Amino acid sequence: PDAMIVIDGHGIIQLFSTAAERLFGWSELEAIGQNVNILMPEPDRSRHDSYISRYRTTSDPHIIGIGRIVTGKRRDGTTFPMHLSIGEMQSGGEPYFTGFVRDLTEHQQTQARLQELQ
């Protein structure tokens, strides 16, 4: 599975997997109802509602159906690398997006270490 988050068309979290709680620091109850931008740092945080709105108006994906590696942010403030896949769905007429996260911290850690030892 890995971390999975579902948001409605406004970026508000509807479902947050147990694995996402483990990864982001927030529990289910706490996360649900919050905007998804609480999972990332600036400048993406303030800008995310616009990326979501730009997509809805242009129908031109930038991450949907491509994937992308980004910096996410846990509750205690630490930032970390993760791979992200976004899926589009529809329910009760309104759009919902699904995000599948893969923690890439260990990889970034193994990479910098191998680098520093020449």
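For the two forms, the rigid core is made up of the largest set of C-alpha atoms that agree within 1.5 Å on superposition. Residues carry their position along the shown sequence, with the first being 1.
Relative to the displayed structure, the C-alphas of 55 to 63 lie farther away on average in 7 other deposited structures of this protein than those of the other candidate, with 78 to 86 and 55 to 63 compared after rigid core superposition. When the mean C-alpha temperature factors of 28 to 36 and 66 to 74 are read from the deposited coordinates, 66 to 74 comes out higher. In this entry, 104 to 112 shows the higher mean Cα temperature factor of the pair 13 to 21 and 104 to 112.
Among all modelled residues in its chain, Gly93 ranks in the highest third by Cα B-factor. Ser85: CA B factor lies in the lowest third for its chain, per the PDB record.
Sort the chain's modelled residues by C-alpha temperature factor and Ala3 lands in the highest third, per the entry. Annotation for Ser50: C-alpha temperature factor in the lowest third relative to the rest of the modelled chain, per the entry.
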